[PDB]
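There is one chain below, alone, in structure tokens, taken in the form deposited in one PDB entry.
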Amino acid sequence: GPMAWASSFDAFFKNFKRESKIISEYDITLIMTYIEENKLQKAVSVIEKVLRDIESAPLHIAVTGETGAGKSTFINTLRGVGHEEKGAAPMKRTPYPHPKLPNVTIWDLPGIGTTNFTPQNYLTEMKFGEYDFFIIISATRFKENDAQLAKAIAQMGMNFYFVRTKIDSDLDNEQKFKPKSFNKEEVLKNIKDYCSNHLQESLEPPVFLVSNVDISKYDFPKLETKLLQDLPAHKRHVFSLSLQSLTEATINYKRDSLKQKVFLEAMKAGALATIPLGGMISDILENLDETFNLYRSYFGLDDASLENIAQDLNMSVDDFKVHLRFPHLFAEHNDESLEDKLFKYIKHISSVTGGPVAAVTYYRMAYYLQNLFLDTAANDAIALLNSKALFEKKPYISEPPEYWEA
């Protein structure tokens, strides 16, 4: 009933990292209020409007800094674009669209130094209101011009982040200079402290030390997390989708964002009192074909993406796929029927956010099929990060999706 529905909605969202939740805690409170008050149409109306906002949300990122700071490489790295390809970044602001997400654009802004504007006049010239946040980039030490731009951005109620690039080169130079006494943490601390302490003379700012050529190292993961934390809840979905599938943390940000979105879609469609039947499963899988291929694209599991990984393993994409779970997820194994496996899965998924006493809330079969595919795709993408080492020891290289096996 309504109280079971509200509690299982609450239980579902409690399982996610704060920076990953695609609805706000007020959104949750209002949906729970309406459900508990039997205002079901109002609750569905909130969910519909939340989903429309999530699906239409644009993401506009301004990247500013002087020349030689790695700005073009950073803009390309953000988008997953090779330095060679069409749309790669090599006066006036220049847009760089995301290659795979229409609503996402990274803007190359000329450094305020190379102009003669005040901070406030710089912001108005570059059209400050179009952006969700600003990245201020340097490969050295940030000039007072940048502390003043940040102060101007902040006084306008927007977010900025100082990003110090080329940290890998400075570490490499120090290790070669002082191989007996090299202390990576001391170098990083000395660089961060200098930037932080000098920027503060005009502001303590978040400073992130990064290598533009490896988004998995140094402070780049902490930067992605902070950017997620600071965005409005509804924009975290498009931001998560824009990330590279290059770390476990980023794959899981995508996995968690998509799982929340399909749960909200399930809510909008309506709770069910009984487990959905399986007589039509092949037909539901067929209706979901386009969606499953979209999910494969999000996680880098489409056939074209698998080409790169299969060659580096010196094997065919086909032999590679043998050891991934998503290709035969829905195919019978061990002479167990798919609908009997799905029935056990649904009882597991529903007792997690439901417990053993309250009435159990079920959703349409398509919800469980999408949820299962997302966990499988994400687990396959994670295994891809470490496929060489996994291949040597362990028939699938990936972990099974939660609750599917028994």
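In case it trips you up, residue 1 is the first one in the sequence shown, and so on. We call the rigid core the largest set of C-alpha positions that still match within 1.5 Å between the two forms.
Keep in mind the form deposited in another entry is missing from the figure; the text below concerns it.
Asker: Overlay on the rigid core first, then point out the one of 194, 218, 107, 133 whose CA is displaced 2 Å or more between this form and the one not shown.
Answerer: The only residue crossing the 2 Å threshold is 194.
Asker: Core-aligned, does residue 311 move its Cα 2 Å or more between this form and the one not shown?
Answerer: Yes, because once the rigid core is superposed, the C-alpha of residue 311 moves 2 Å or more between this form and the one not shown.
Asker: Relative to the superposed rigid core, does residue 67 relocate between this form and the one not shown - that is, does its Cα move 2 Å or more?
Answerer: Moves: yes, 2 Å or greater.
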